[PDB]
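Trainee: One structure coming up, written as structure tokens, with questions to follow.
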Amino acid sequence: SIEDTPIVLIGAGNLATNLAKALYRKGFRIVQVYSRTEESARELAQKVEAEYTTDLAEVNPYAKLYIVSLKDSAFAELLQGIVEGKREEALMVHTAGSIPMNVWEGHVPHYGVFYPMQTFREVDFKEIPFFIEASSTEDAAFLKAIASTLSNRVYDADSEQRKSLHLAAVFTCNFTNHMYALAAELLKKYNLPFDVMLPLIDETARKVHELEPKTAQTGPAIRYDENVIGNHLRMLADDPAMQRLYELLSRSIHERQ
Amino acid sequence: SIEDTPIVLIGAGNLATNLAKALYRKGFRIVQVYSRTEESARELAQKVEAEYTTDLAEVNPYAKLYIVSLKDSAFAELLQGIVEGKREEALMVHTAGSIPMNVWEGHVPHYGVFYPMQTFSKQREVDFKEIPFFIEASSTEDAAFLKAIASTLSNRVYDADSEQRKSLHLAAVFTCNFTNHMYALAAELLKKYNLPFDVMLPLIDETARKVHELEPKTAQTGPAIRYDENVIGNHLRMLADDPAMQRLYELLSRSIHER
Ligand SMILES: [Cl-]
């Protein structure tokens with residue numbers, strides 16, 4: 001029934017490819033693929049038993065869902081040609097999380113954001129989170145049902161919520177890796193190999209699959225053990241920037257008790 | 001033979017719970033557990049089929065090894081209550097990264113540090129096989145004894161001084177404690193926007209696995225490298241509700257940028 005949603009793809013890049021193939025494997029009919037270049041459109045279209053076009057005027061107007069994955073400018077330039085000719089029920093979605101849903105506003109009555117947030121080629125979607133925004137509660141439910149066909153992790157998220165993901169990634173990837181870097185600087189200073197940290201790094205990550213971070217939290221800053229922290233701060237005296245960081249991070253941990 | 005060593009745990013927290021279970025599974029005899037609170041003493045004793053007490057005066061004086069996992073504030077208070085009436089050959093060890101071995105000196109003839117370095121939680125099982133275990137003792141024969149015990153548990157058993165061990169522990173606070181806090185803040189943020197923390201797990205996994213291949217310095221990604229002042233401005237703007245979290249973001253970004 002849901003796999004009886006005729007689908008058109010506008011764009012034949014990597015994400016589009018993965019998405020189309022996974023949809024096709026799940027039982028979905030992909031009726032047609034569009035791409036800027038002949039090669040790209042044909043190639044993907046051959047992988048999912050679909051027609052292909054290079055011309056927006058030849059895009060099938062009667063599908064239920066249109067998945068646009070074009071880059072910013074290209075998407076931009078071509079929005080009106082994408083919109084042109086589509087019947088009222090056509091659901092118009094784009095896959096880029098950074099592009100507000102309101103681009104479709106005034107052009108089509110049924111639209112949304114269909115954002116699969118991916119970690120890095122071919123990727124199976126069963127653990128990849130999907131973030132859904134739509135022009136209506138029914139359009140959202142439909143896109144969520146489409147996405148749940150491919151993934152166990154499907155959520156409502158507006159632009160503000162989608163920004164919070166990338167803010168959270170900064171903490172989770174950038175700031176975490178920096179902690180590894182500061183550890184490495186210290187072990188370099190003290191002439192101790194860094195490889196000893198690797199089991200601690202792995203387990204720190206592994207642990208929060210099972211426990212909430214707040215519960216997984218350990219160390220001297222929980223009770224604010226000054227016998228430890230005071231001494232650690234002293235060893236960092238020669239790097240007052242790193243020392244401030246140690247202090248502020250420890251207070252931040254302690255403020256959560 | 002070495003599994004016949006009767007062991008007492010003085011302290012029943014996260015590290016002690018995990019270390020006790022690993023000893024018990026390897027066939028060691030944990031005779032009893034002491035803790036300041038009945039709930040913690042009992043929970044652990046049931047897991048490792050041991051007696052328990054919350055009174056140091058009731059502590060079994062007949063064991064060969066006493067593993068002490070206590071905060072500083074309980075150490076002094078409780079040191080002589082831990083050490084009196086024991087066998088001359090009993091070994092007293094503590095498990096702290098940043099406490100010198102010399103705490104014991106003058107108090108008991110045999111003593112040492114028995115330090116497994118890993119993040120521990122009671123509700124979470126860990127493979128001891130890959131845990132760095134650092135050993136110091138009052139004599140070579142006591143150190144050989146501790147290492148032999150630790151080697152039944154871990155393939156990574158190392159002799160290290162109090163000075164090396166402090167150094168490792170400082171690096172471990174960054175590596176484990178501050179890293180998990182980054183996860184905690186991300187979770188706080190995601191909750192404020194009605195999103196589950198779990199969406200971060202793939203990225204958490206990638207970030208950790210990356211440093212097996214690359215030096216952390218080489219692995220560093222994100223808008224702080226260039227000091228992308230748009231995204232950084234936008235991000236600071238988002239954290240306006242939380243000045244302390246906002247300042248951390250700024251200094252961490254500043255910090256990446258310098259390096
Ligand atoms: Cl007592």
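Order determines the names: the first chain of the structure tokens is A, the second B, and so forth; residues in each chain are numbered 1 upward, and ligands are numbered 1 upward as they are shown.
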Pull out every residue of chain A sitting within 6 Å of chain B, counting only C-alpha atoms, and send them as a PyMOL selection string.
Mentor: chain A and resi 161+168+171-174+176+179-181+183+200+204+213-214+219
Trainee: Using C-alpha atoms, can you export the residues from the last selection as an mmCIF file, in the first residue's frame?
Mentor:
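Output file selection-v8.cif follows:
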data_model
loop_
_atom_site.group_PDB
_atom_site.id
_atom_site.type_symbol
_atom_site.label_atom_id
_atom_site.label_comp_id
_atom_site.auth_asym_id
_atom_site.auth_seq_id
_atom_site.Cartn_x
_atom_site.Cartn_y
_atom_site.Cartn_z
ATOM 1 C CA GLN A 161 15.598 21.427 15.676
ATOM 2 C CA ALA A 168 25.148 18.890 19.013
ATOM 3 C CA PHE A 171 30.029 18.886 20.974
ATOM 4 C CA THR A 172 29.872 15.217 20.045
ATOM 5 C CA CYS A 173 32.610 15.137 17.340
ATOM 6 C CA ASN A 174 34.673 18.273 17.321
ATOM 7 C CA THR A 176 35.325 15.256 21.857
ATOM 8 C CA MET A 179 39.720 16.197 24.277
ATOM 9 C CA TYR A 180 41.670 13.322 22.670
ATOM 10 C CA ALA A 181 44.065 15.932 21.183
ATOM 11 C CA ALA A 183 45.311 14.191 26.130
ATOM 12 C CA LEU A 200 39.480 4.303 27.407
ATOM 13 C CA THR A 204 33.808 5.882 26.812
ATOM 14 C CA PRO A 213 25.661 10.303 29.380
ATOM 15 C CA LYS A 214 24.509 11.853 32.695
ATOM 16 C CA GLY A 219 35.593 11.090 37.657
#
Trainee: Could you list, as a list in words, all the residues within 12 Å of ligand 1, counting only C-alpha atoms and all ligand atoms?
Mentor: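 So the residues close to ligand 1 are residues 10, 11, 34, 35, 36, 37, 38, 53, 54, 55, 56, 57, 58, 59, 74, 75, 76, 77, 78, 79, 80, 81 and 82 of chain B.
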Trainee: Can you check which residues of stretch 4-234 of chain A DSSP gives as helix (DSSP H, G or I) on the backbone and send them as a short mmCIF file (atom, residue, chain, number, x, y, z; two decimals) with N, CA, C and O atoms, in the first residue's frame?
Mentor:
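Contents of the output file out07.cif:
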data_model
loop_
_atom_site.label_atom_id
_atom_site.label_comp_id
_atom_site.auth_asym_id
_atom_site.auth_seq_id
_atom_site.Cartn_x
_atom_site.Cartn_y
_atom_site.Cartn_z
N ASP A 4 3.21 1.31 -2.67
CA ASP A 4 2.50 1.70 -3.89
C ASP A 4 2.48 3.22 -4.07
O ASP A 4 1.60 3.77 -4.75
N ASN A 14 24.93 10.85 -4.92
CA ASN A 14 25.20 9.71 -4.07
C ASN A 14 24.07 9.36 -3.11
O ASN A 14 23.65 8.20 -3.04
N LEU A 15 23.59 10.36 -2.37
CA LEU A 15 22.47 10.18 -1.45
C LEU A 15 21.23 9.70 -2.19
O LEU A 15 20.60 8.72 -1.78
N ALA A 16 20.91 10.39 -3.29
CA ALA A 16 19.80 10.02 -4.17
C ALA A 16 19.88 8.57 -4.59
O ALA A 16 18.87 7.86 -4.56
N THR A 17 21.08 8.15 -4.97
CA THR A 17 21.33 6.78 -5.36
C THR A 17 21.02 5.81 -4.21
O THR A 17 20.16 4.95 -4.37
N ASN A 18 21.70 5.98 -3.07
CA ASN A 18 21.46 5.13 -1.89
C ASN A 18 19.98 5.05 -1.52
O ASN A 18 19.43 3.97 -1.30
N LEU A 19 19.35 6.22 -1.49
CA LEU A 19 17.96 6.36 -1.12
C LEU A 19 17.05 5.63 -2.11
O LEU A 19 16.22 4.81 -1.70
N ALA A 20 17.21 5.92 -3.40
CA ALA A 20 16.46 5.25 -4.46
C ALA A 20 16.59 3.72 -4.41
O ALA A 20 15.58 3.02 -4.46
N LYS A 21 17.83 3.21 -4.32
CA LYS A 21 18.09 1.76 -4.25
C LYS A 21 17.40 1.09 -3.06
O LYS A 21 16.74 0.08 -3.22
N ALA A 22 17.56 1.68 -1.87
CA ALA A 22 16.91 1.21 -0.64
C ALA A 22 15.38 1.24 -0.76
O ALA A 22 14.71 0.29 -0.35
N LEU A 23 14.84 2.33 -1.31
CA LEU A 23 13.40 2.40 -1.58
C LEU A 23 12.94 1.29 -2.53
O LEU A 23 11.99 0.56 -2.23
N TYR A 24 13.65 1.15 -3.66
CA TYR A 24 13.43 0.07 -4.64
C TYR A 24 13.50 -1.34 -4.04
O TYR A 24 12.69 -2.22 -4.38
N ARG A 25 14.47 -1.56 -3.15
CA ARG A 25 14.61 -2.85 -2.48
C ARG A 25 13.47 -3.13 -1.51
O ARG A 25 13.12 -4.28 -1.28
N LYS A 26 12.92 -2.06 -0.93
CA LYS A 26 11.81 -2.18 0.01
C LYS A 26 10.46 -2.39 -0.68
O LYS A 26 9.48 -2.74 -0.02
N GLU A 38 23.05 13.41 -18.70
CA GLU A 38 22.53 12.15 -19.26
C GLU A 38 23.02 10.90 -18.55
O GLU A 38 22.22 10.04 -18.17
N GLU A 39 24.34 10.81 -18.40
CA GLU A 39 24.98 9.64 -17.81
C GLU A 39 24.38 9.36 -16.43
O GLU A 39 23.88 8.27 -16.19
N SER A 40 24.40 10.37 -15.56
CA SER A 40 23.90 10.24 -14.20
C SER A 40 22.46 9.75 -14.15
O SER A 40 22.16 8.82 -13.40
N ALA A 41 21.58 10.36 -14.93
CA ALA A 41 20.14 10.00 -14.90
C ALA A 41 19.88 8.55 -15.34
O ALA A 41 19.15 7.81 -14.67
N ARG A 42 20.51 8.16 -16.45
CA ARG A 42 20.42 6.80 -17.00
C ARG A 42 20.94 5.77 -16.00
O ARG A 42 20.28 4.74 -15.74
N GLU A 43 22.12 6.05 -15.47
CA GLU A 43 22.82 5.15 -14.57
C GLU A 43 21.94 4.78 -13.38
O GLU A 43 21.71 3.60 -13.13
N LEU A 44 21.45 5.79 -12.66
CA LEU A 44 20.60 5.51 -11.50
C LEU A 44 19.31 4.83 -11.93
O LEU A 44 18.91 3.84 -11.34
N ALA A 45 18.69 5.36 -12.99
CA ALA A 45 17.42 4.82 -13.50
C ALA A 45 17.48 3.34 -13.88
O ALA A 45 16.48 2.62 -13.73
N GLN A 46 18.64 2.89 -14.35
CA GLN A 46 18.87 1.48 -14.70
C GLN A 46 18.97 0.57 -13.47
O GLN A 46 18.73 -0.64 -13.55
N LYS A 47 19.33 1.17 -12.32
CA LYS A 47 19.53 0.45 -11.07
C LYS A 47 18.23 0.12 -10.33
O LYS A 47 18.23 -0.74 -9.38
N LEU A 56 13.52 18.96 -17.38
CA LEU A 56 12.48 19.11 -16.36
C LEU A 56 11.06 19.12 -16.94
O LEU A 56 10.10 18.78 -16.24
N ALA A 57 10.93 19.51 -18.21
CA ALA A 57 9.62 19.57 -18.86
C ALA A 57 9.06 18.18 -19.12
O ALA A 57 7.85 18.03 -19.35
N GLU A 58 9.93 17.18 -19.09
CA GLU A 58 9.54 15.79 -19.33
C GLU A 58 9.40 14.99 -18.04
O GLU A 58 9.20 13.76 -18.07
N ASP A 72 22.51 23.54 -3.50
CA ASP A 72 21.88 24.82 -3.19
C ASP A 72 21.51 25.68 -4.42
O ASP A 72 20.35 25.98 -4.67
N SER A 73 22.53 26.08 -5.16
CA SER A 73 22.39 26.93 -6.32
C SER A 73 21.54 26.27 -7.38
O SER A 73 20.58 26.88 -7.87
N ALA A 74 21.87 25.01 -7.72
CA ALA A 74 21.13 24.26 -8.75
C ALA A 74 19.66 24.18 -8.37
O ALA A 74 18.75 24.33 -9.20
N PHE A 75 19.42 24.01 -7.09
CA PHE A 75 18.07 23.95 -6.58
C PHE A 75 17.12 25.19 -6.45
O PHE A 75 16.04 25.14 -7.05
N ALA A 76 17.47 26.35 -5.86
CA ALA A 76 17.60 27.68 -6.52
C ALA A 76 17.16 27.88 -7.95
O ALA A 76 16.00 28.24 -8.21
N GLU A 77 18.08 27.66 -8.87
CA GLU A 77 17.83 27.94 -10.26
C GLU A 77 16.60 27.22 -10.82
O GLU A 77 15.86 27.78 -11.66
N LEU A 78 16.37 25.99 -10.35
CA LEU A 78 15.49 25.04 -11.01
C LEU A 78 14.16 24.81 -10.29
O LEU A 78 13.31 24.06 -10.77
N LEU A 79 13.97 25.48 -9.16
CA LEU A 79 12.77 25.22 -8.34
C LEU A 79 11.48 25.39 -9.14
O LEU A 79 10.59 24.53 -9.09
N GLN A 80 11.36 26.48 -9.89
CA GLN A 80 10.15 26.69 -10.66
C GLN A 80 9.92 25.64 -11.76
O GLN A 80 8.79 25.22 -11.98
N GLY A 81 11.00 25.21 -12.43
CA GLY A 81 10.89 24.13 -13.43
C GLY A 81 10.54 22.79 -12.79
O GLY A 81 9.90 21.93 -13.41
N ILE A 82 10.97 22.62 -11.54
CA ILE A 82 10.62 21.44 -10.75
C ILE A 82 9.11 21.48 -10.43
O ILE A 82 8.38 20.50 -10.64
N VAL A 83 8.66 22.64 -9.98
CA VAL A 83 7.29 22.84 -9.55
C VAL A 83 6.30 22.73 -10.73
O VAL A 83 5.25 22.07 -10.63
N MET A 101 12.18 24.52 4.74
CA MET A 101 10.99 24.00 4.05
C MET A 101 10.22 25.08 3.27
O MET A 101 9.56 24.81 2.26
N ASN A 102 10.31 26.32 3.76
CA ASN A 102 9.58 27.44 3.16
C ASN A 102 10.00 27.76 1.73
O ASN A 102 9.40 28.62 1.12
N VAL A 103 10.98 27.06 1.17
CA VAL A 103 11.33 27.33 -0.24
C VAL A 103 10.15 26.97 -1.16
O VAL A 103 10.04 27.51 -2.25
N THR A 137 0.20 18.03 9.05
CA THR A 137 0.33 16.85 9.91
C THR A 137 0.20 15.56 9.11
O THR A 137 0.92 14.60 9.37
N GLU A 138 -0.72 15.53 8.15
CA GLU A 138 -0.86 14.36 7.28
C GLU A 138 0.36 14.16 6.33
O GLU A 138 0.80 13.03 6.12
N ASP A 139 0.90 15.25 5.78
CA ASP A 139 2.09 15.14 4.94
C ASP A 139 3.27 14.61 5.76
O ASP A 139 4.01 13.75 5.29
N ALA A 140 3.40 15.09 7.00
CA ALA A 140 4.43 14.59 7.91
C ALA A 140 4.28 13.08 8.19
O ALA A 140 5.25 12.33 8.06
N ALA A 141 3.06 12.64 8.54
CA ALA A 141 2.84 11.24 8.88
C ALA A 141 3.23 10.35 7.71
O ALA A 141 3.84 9.30 7.90
N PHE A 142 2.93 10.81 6.50
CA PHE A 142 3.20 10.05 5.28
C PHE A 142 4.70 9.91 5.03
O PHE A 142 5.19 8.80 4.75
N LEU A 143 5.43 11.02 5.15
CA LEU A 143 6.88 11.02 5.04
C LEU A 143 7.56 10.22 6.13
O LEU A 143 8.60 9.61 5.89
N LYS A 144 7.00 10.25 7.34
CA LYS A 144 7.51 9.42 8.43
C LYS A 144 7.27 7.93 8.16
O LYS A 144 8.14 7.10 8.43
N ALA A 145 6.10 7.60 7.62
CA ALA A 145 5.84 6.21 7.24
C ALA A 145 6.77 5.74 6.10
O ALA A 145 7.26 4.62 6.14
N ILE A 146 7.01 6.60 5.11
CA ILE A 146 8.01 6.31 4.06
C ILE A 146 9.38 6.04 4.69
O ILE A 146 10.03 5.04 4.38
N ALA A 147 9.80 6.93 5.60
CA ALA A 147 11.12 6.84 6.22
C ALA A 147 11.29 5.62 7.14
O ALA A 147 12.40 5.08 7.27
N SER A 148 10.18 5.20 7.77
CA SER A 148 10.19 4.06 8.70
C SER A 148 10.28 2.74 7.96
O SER A 148 10.71 1.72 8.52
N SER A 159 13.35 23.53 11.25
CA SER A 159 14.69 24.03 10.96
C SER A 159 15.51 24.21 12.24
O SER A 159 16.67 23.79 12.30
N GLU A 160 14.89 24.79 13.27
CA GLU A 160 15.50 25.07 14.58
C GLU A 160 16.02 23.80 15.26
O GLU A 160 17.14 23.78 15.79
N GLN A 161 15.20 22.76 15.24
CA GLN A 161 15.60 21.43 15.68
C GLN A 161 16.71 20.85 14.81
O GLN A 161 17.60 20.17 15.32
N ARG A 162 16.68 21.12 13.51
CA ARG A 162 17.74 20.60 12.63
C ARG A 162 19.05 21.32 12.89
O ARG A 162 20.10 20.69 12.88
N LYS A 163 19.00 22.62 13.16
CA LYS A 163 20.21 23.34 13.59
C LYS A 163 20.80 22.76 14.86
O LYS A 163 22.02 22.60 14.96
N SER A 164 19.94 22.40 15.81
CA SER A 164 20.41 21.83 17.07
C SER A 164 21.20 20.52 16.88
O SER A 164 22.12 20.24 17.66
N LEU A 165 20.85 19.74 15.86
CA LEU A 165 21.62 18.54 15.51
C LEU A 165 23.06 18.89 15.19
O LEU A 165 24.00 18.24 15.68
N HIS A 166 23.26 19.91 14.37
CA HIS A 166 24.63 20.26 13.97
C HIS A 166 25.38 20.96 15.07
O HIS A 166 26.61 20.91 15.11
N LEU A 167 24.66 21.63 15.96
CA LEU A 167 25.27 22.19 17.16
C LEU A 167 25.71 21.06 18.08
O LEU A 167 26.78 21.12 18.70
N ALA A 168 24.87 20.03 18.16
CA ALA A 168 25.15 18.89 19.01
C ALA A 168 26.31 18.07 18.46
O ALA A 168 27.13 17.57 19.23
N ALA A 169 26.39 17.94 17.14
CA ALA A 169 27.53 17.29 16.48
C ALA A 169 28.88 17.95 16.80
O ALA A 169 29.91 17.28 16.91
N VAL A 170 28.87 19.28 16.93
CA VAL A 170 30.09 20.00 17.31
C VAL A 170 30.60 19.54 18.69
O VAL A 170 31.79 19.29 18.85
N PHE A 171 29.69 19.44 19.66
CA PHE A 171 30.03 18.89 20.97
C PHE A 171 30.49 17.45 20.87
O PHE A 171 31.57 17.10 21.36
N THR A 172 29.70 16.66 20.16
CA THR A 172 29.87 15.22 20.04
C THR A 172 31.08 14.74 19.21
O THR A 172 31.64 13.68 19.51
N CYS A 173 31.45 15.49 18.17
CA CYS A 173 32.61 15.14 17.34
C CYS A 173 33.78 16.05 17.49
O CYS A 173 34.91 15.59 17.59
N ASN A 174 33.55 17.36 17.40
CA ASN A 174 34.67 18.27 17.32
C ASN A 174 35.32 18.46 18.68
O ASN A 174 36.55 18.38 18.82
N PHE A 175 34.47 18.70 19.68
CA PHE A 175 34.93 18.98 21.04
C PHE A 175 35.47 17.70 21.71
O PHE A 175 36.43 17.75 22.47
N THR A 176 34.85 16.57 21.39
CA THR A 176 35.32 15.26 21.86
C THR A 176 36.72 14.90 21.30
O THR A 176 37.63 14.52 22.05
N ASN A 177 36.89 15.02 19.99
CA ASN A 177 38.18 14.83 19.38
C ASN A 177 39.23 15.77 19.95
O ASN A 177 40.38 15.37 20.14
N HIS A 178 38.84 17.01 20.24
CA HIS A 178 39.79 17.94 20.88
C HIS A 178 40.23 17.44 22.25
O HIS A 178 41.38 17.68 22.65
N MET A 179 39.34 16.74 22.97
CA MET A 179 39.72 16.20 24.28
C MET A 179 40.80 15.16 24.08
O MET A 179 41.79 15.16 24.83
N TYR A 180 40.64 14.31 23.06
CA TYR A 180 41.67 13.32 22.67
C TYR A 180 42.99 14.02 22.32
O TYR A 180 44.07 13.55 22.72
N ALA A 181 42.90 15.12 21.56
CA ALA A 181 44.06 15.93 21.18
C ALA A 181 44.78 16.50 22.40
O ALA A 181 45.99 16.42 22.47
N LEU A 182 44.04 17.08 23.35
CA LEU A 182 44.70 17.61 24.57
C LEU A 182 45.36 16.52 25.44
O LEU A 182 46.41 16.73 26.04
N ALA A 183 44.74 15.34 25.47
CA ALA A 183 45.31 14.19 26.13
C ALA A 183 46.63 13.82 25.46
O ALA A 183 47.61 13.53 26.14
N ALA A 184 46.64 13.81 24.13
CA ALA A 184 47.81 13.44 23.35
C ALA A 184 48.96 14.42 23.58
O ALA A 184 50.13 13.99 23.66
N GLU A 185 48.63 15.71 23.69
CA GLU A 185 49.64 16.75 23.93
C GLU A 185 50.29 16.46 25.25
O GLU A 185 51.49 16.50 25.35
N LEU A 186 49.49 16.13 26.26
CA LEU A 186 50.00 15.84 27.60
C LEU A 186 50.88 14.60 27.63
O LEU A 186 52.01 14.64 28.13
N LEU A 187 50.39 13.50 27.07
CA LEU A 187 51.19 12.28 26.95
C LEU A 187 52.49 12.48 26.16
O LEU A 187 53.49 11.83 26.44
N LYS A 188 52.46 13.39 25.19
CA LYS A 188 53.67 13.78 24.45
C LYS A 188 54.61 14.54 25.37
O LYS A 188 55.81 14.26 25.40
N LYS A 189 54.07 15.50 26.10
CA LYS A 189 54.85 16.26 27.08
C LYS A 189 55.54 15.32 28.08
O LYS A 189 56.73 15.51 28.37
N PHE A 194 50.63 7.28 23.49
CA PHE A 194 49.22 7.60 23.45
C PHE A 194 48.35 6.35 23.35
O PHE A 194 47.18 6.40 23.72
N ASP A 195 48.92 5.24 22.89
CA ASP A 195 48.13 4.03 22.61
C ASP A 195 47.39 3.48 23.81
O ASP A 195 46.40 2.77 23.66
N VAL A 196 47.88 3.80 25.00
CA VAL A 196 47.24 3.43 26.26
C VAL A 196 45.84 4.05 26.44
O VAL A 196 44.97 3.48 27.11
N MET A 197 45.62 5.20 25.82
CA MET A 197 44.31 5.89 25.85
C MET A 197 43.23 5.20 25.03
O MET A 197 42.07 5.45 25.24
N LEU A 198 43.60 4.36 24.07
CA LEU A 198 42.63 3.83 23.07
C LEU A 198 41.50 2.94 23.64
O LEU A 198 40.38 3.02 23.15
N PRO A 199 41.81 2.07 24.63
CA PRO A 199 40.75 1.32 25.32
C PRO A 199 39.79 2.22 26.14
O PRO A 199 38.63 1.88 26.29
N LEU A 200 40.27 3.35 26.63
CA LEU A 200 39.48 4.30 27.41
C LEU A 200 38.57 5.08 26.46
O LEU A 200 37.37 5.29 26.75
N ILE A 201 39.13 5.48 25.32
CA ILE A 201 38.36 6.12 24.24
C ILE A 201 37.23 5.20 23.74
O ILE A 201 36.07 5.62 23.66
N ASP A 202 37.56 3.96 23.41
CA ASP A 202 36.56 3.01 22.92
C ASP A 202 35.44 2.76 23.90
O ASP A 202 34.26 2.70 23.51
N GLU A 203 35.80 2.54 25.17
CA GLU A 203 34.81 2.22 26.19
C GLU A 203 33.95 3.44 26.56
O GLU A 203 32.77 3.28 26.83
N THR A 204 34.55 4.63 26.58
CA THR A 204 33.81 5.88 26.81
C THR A 204 32.69 6.04 25.81
O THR A 204 31.57 6.44 26.17
N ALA A 205 32.97 5.69 24.56
CA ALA A 205 31.98 5.72 23.48
C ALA A 205 30.94 4.61 23.61
O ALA A 205 29.74 4.87 23.48
N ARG A 206 31.43 3.38 23.83
CA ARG A 206 30.61 2.17 23.94
C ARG A 206 29.55 2.29 25.06
O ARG A 206 28.37 1.92 24.88
N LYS A 207 29.99 2.82 26.20
CA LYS A 207 29.19 2.97 27.41
C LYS A 207 27.89 3.73 27.17
O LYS A 207 26.85 3.36 27.70
N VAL A 208 27.93 4.80 26.38
CA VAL A 208 26.72 5.59 26.21
C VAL A 208 25.71 5.01 25.18
O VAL A 208 24.68 5.60 24.91
N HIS A 209 26.01 3.83 24.63
CA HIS A 209 24.97 3.09 23.90
C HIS A 209 24.01 2.49 24.88
O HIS A 209 22.84 2.32 24.58
N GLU A 210 24.50 2.18 26.08
CA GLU A 210 23.70 1.51 27.10
C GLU A 210 23.19 2.46 28.20
O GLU A 210 22.11 2.25 28.76
N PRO A 213 24.44 9.60 29.01
CA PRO A 213 25.66 10.30 29.38
C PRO A 213 25.73 10.81 30.82
O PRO A 213 26.82 10.76 31.43
N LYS A 214 24.60 11.31 31.33
CA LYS A 214 24.51 11.85 32.70
C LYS A 214 24.81 10.76 33.73
O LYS A 214 25.38 11.03 34.79
N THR A 215 24.39 9.53 33.41
CA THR A 215 24.60 8.36 34.27
C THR A 215 25.99 7.73 34.06
O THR A 215 26.56 7.16 35.00
N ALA A 216 26.50 7.82 32.83
CA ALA A 216 27.78 7.26 32.46
C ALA A 216 28.93 8.12 33.00
O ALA A 216 30.07 7.68 33.08
N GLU A 226 38.82 17.91 45.28
CA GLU A 226 39.80 18.96 45.14
C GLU A 226 41.20 18.44 45.34
O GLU A 226 42.16 19.01 44.83
N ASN A 227 41.31 17.36 46.09
CA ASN A 227 42.59 16.65 46.22
C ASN A 227 43.13 16.23 44.88
O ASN A 227 44.34 16.22 44.68
N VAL A 228 42.23 15.89 43.97
CA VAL A 228 42.61 15.54 42.60
C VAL A 228 42.64 16.78 41.69
O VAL A 228 43.65 17.06 41.05
N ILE A 229 41.53 17.51 41.64
CA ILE A 229 41.40 18.65 40.73
C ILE A 229 42.47 19.74 40.99
O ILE A 229 43.14 20.20 40.06
N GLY A 230 42.64 20.12 42.26
CA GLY A 230 43.68 21.08 42.65
C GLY A 230 45.03 20.64 42.15
O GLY A 230 45.82 21.43 41.63
N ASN A 231 45.32 19.36 42.28
CA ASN A 231 46.59 18.86 41.81
C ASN A 231 46.72 18.84 40.29
O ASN A 231 47.77 19.21 39.72
N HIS A 232 45.66 18.40 39.62
CA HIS A 232 45.63 18.45 38.16
C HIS A 232 45.80 19.87 37.61
O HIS A 232 46.56 20.08 36.67
N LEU A 233 45.09 20.83 38.21
CA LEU A 233 45.21 22.24 37.77
C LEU A 233 46.66 22.73 37.82
O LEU A 233 47.14 23.35 36.88
N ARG A 234 47.36 22.37 38.90
CA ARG A 234 48.78 22.69 39.07
C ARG A 234 49.66 22.12 37.96
O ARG A 234 50.60 22.79 37.51
#
Trainee: If you count only C-alpha atoms, which residues fall within 12 Å of residue B:144, apart from same-chain ones fewer than 2 positions away, as a VMD selection string?
Mentor: chain B and resid 2 112 114 135 to 142 146 to 151 157 to 159
Trainee: Quick one: everything within 7 Å of residue A:155, counting only C-alpha atoms, minus sequence neighbours fewer than 4 positions away in the same chain. Send it as a PyMOL selection string.
Mentor: chain A and resi 130-132
Trainee: Export N, CA and C atoms of the chosen residues as a PDB file, in the first residue's frame?
Mentor:
ATOM      1  N   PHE A 130      16.239   9.793  10.372  1.00  0.00           N
ATOM      2  CA  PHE A 130      15.571  10.637   9.406  1.00  0.00           C
ATOM      3  C   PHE A 130      14.825  11.731  10.130  1.00  0.00           C
ATOM      4  N   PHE A 131      14.958  12.956   9.630  1.00  0.00           N
ATOM      5  CA  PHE A 131      14.286  14.092  10.234  1.00  0.00           C
ATOM      6  C   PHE A 131      13.285  14.689   9.254  1.00  0.00           C
ATOM      7  N   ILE A 132      12.014  14.708   9.687  1.00  0.00           N
ATOM      8  CA  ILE A 132      10.866  15.011   8.827  1.00  0.00           C
ATOM      9  C   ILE A 132      10.244  16.341   9.247  1.00  0.00           C
TER      10      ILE A 132
END
Trainee: One number please: atom CA of residue A:36 to atom CA of residue A:150, in Å, one decimal.
Mentor: 26.7 Å
Trainee: Taking only C-alpha atoms into account, which of A:34, A:154, A:122, A:235 comes nearest residue B:163?
Mentor: A:235
Trainee: For a test of reading the model, state the distance in Å between atom CA of residue B:228 and atom CA of residue A:116, rounded to one decimal.
Mentor: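 These atoms are spaced 24.6 Å apart.
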Trainee: Can you tell me, as a PyMOL selection string, what residues are no more than 8 Å from residue B:107 when counting only C-alpha atoms, ignoring any on the same chain fewer than 2 positions away?
Mentor: chain B and resi 80+83+104-105+109
Trainee: What is the distance between atom CA of residue A:115 and atom CA of residue A:134, in Å to one decimal?
Mentor: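 About the pair atom CA of residue A:115 and atom CA of residue A:134: they are 11.3 Å apart.
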